[PDB]
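To start, the structure under review is shown below, and the notes come after it.
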Amino acid sequence: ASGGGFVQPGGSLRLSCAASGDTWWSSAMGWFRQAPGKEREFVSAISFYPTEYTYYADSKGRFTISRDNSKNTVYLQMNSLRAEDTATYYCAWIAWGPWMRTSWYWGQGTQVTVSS
Amino acid sequence: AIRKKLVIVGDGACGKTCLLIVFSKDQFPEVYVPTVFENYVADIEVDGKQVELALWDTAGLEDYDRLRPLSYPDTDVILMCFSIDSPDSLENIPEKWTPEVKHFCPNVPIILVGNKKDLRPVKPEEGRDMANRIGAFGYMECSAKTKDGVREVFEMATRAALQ
Ligand SMILES: Nc1nc2c(ncn2[C@@H]2O[C@H](COP(=O)(O)OP(=O)(O)NP(=O)(O)O)[C@@H](O)[C@H]2O)c(=O)[nH]1
Ligand SMILES: [Mg+2]
């Protein structure tokens with residue numbers, strides 16, 4: 001998980017994440033975040049296998065999740081960031097594989113800090 | 001050691017997430033946030049054997065009916081949940097949840113779990129009759145608020161998955 005930085009209130013930030021690993025592929029993948037003291041929050045998610053479907057948690061249009069098939073990379077564009085979005089942002093994959101059970105993977109995470 | 005996969009399913013706001021979290025964290029979540037999809041990990045010792053259980057949280061809401069199937073594959077035990085407060089959640093078991101699970105995962109052990117028993121409504125035999133009608137490994141009742149029946153629910157799940 002990459003793309004985290006220090007933003008001002010109302011600023012924008014795009015996070016990036018690999019759509020799939022090497023020893024595995026992803027049938028779906030989501031974005032999660034962990035505020036300080038608070039518990040893990042679902043941010044957004046997309047699906048791959050049935051059809052490219054997006055799922056958000058606010059319906060406010062601030063977060064936008066997409067996949068660039070050329071680079072095999074999922075992006076999470078975040079606009080109008082406020083101090084309430086200050087958290088560590090993780091990635092999750094539903095990992096599929098020829099000789100592996102369908103597993104749940106957690107990314108490393110990138111720090112996002114909004115001023116004030 | 002032994003790693004088994006648990007997938008919880010059931011109607012919306014029936015107690016799935018709270019049950020998973022009081023088992024993995026000993027914590028009753030307060031604000032109801034409808035789950036899209038999540039994962040928790042917990043260790044348990046049953047019948048002397050130590051098993052790590054992968055708790056796959058799914059959505060009971062109808063907006064996420066294309067995403068929840070993607071959590072079924074390679075499941076070792078299914079937790080079909082309903083609400084003792086909600087009689088209609090029990091009737092959605094043989095109408096929606098049993099047809100779905102028995103299509104994507106037709107031979108997985110199923111445990112019917114009646115959540116929120118502190119709210120006692122569904123009579124315990126009605127839930128037991130439902131378990132015999134759907135073909136479940138067994139029927140259990142629990143309440144995440146009182147933390148009663150939680151351990152026995154997941155002890156039965158590990159038992160069914162260890163087979
Ligand atoms: N009194 C009582 N309330 C409970 C119990 N378990 C869950 N609840 C309450 O029921 C509501 C729904 O809980 P939740 O675990 O989110 O259910 P869910 O099936 O995961 N909902 P969803 O399908 O949208 O993810 C919450 O308000 C929660 O506090 C219980 O044992 N007792
Ligand atoms: Mg849930």
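Scheme for the structure tokens: letters A, B, ... for chains in order shown; per-chain residue numbers from 1; ligand numbers from 1 in order shown.
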
Check: which chain B residues lie within 8 Å of chain A using only C-alpha atoms, as a list in words: residues 36, 39, 66, 67, 70, 71, 73 and 74 of chain B

Those in region 29-128 of chain B with alpha helix (DSSP H) from DSSP, as a PyMOL selection string: chain B and resi 87-92+98-104+124-128

Residues within 12 Å of ligand 2, counting only C-alpha atoms and all ligand atoms, as a ChimeraX atom specification: /A:42 /B:7-21,29,32-40,55-61,64,68,79-82

Polymer residues at most 6 Å from region 73-86 of chain A, only C-alpha atoms, same-chain spacing of 5 or more positions, as a list in words: residues 9, 10, 11, 12, 13, 14, 15, 16, 17, 18, 19, 62, 63, 64, 65, 66, 67, 68, 112, 113 and 114 of chain A

Expected answer as a PyMOL selection string: strand (DSSP E) residues in chain B: chain B and resi 2-10+38-46+49-57+77-83+110-115+138-141

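Across B:153, B:112, B:131, B:119, the tightest approach to ligand 1 is made by B:119 when counting only C-alpha atoms and all ligand atoms.
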
Separation of CA of residue 30 (chain B) from atom 21 (N, counted along the ligand's line) of ligand 1, in Å and rounded to one decimal: 12.0 Å

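CA of residue 138 (chain B) is positioned 22.5 Å from atom 13 (O, counted along the ligand's line) of ligand 1.
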
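Atom pair CA of residue 78 (chain B) / CA of residue 111 (chain B) has a distance of 6.4 Å (rounded to one decimal).
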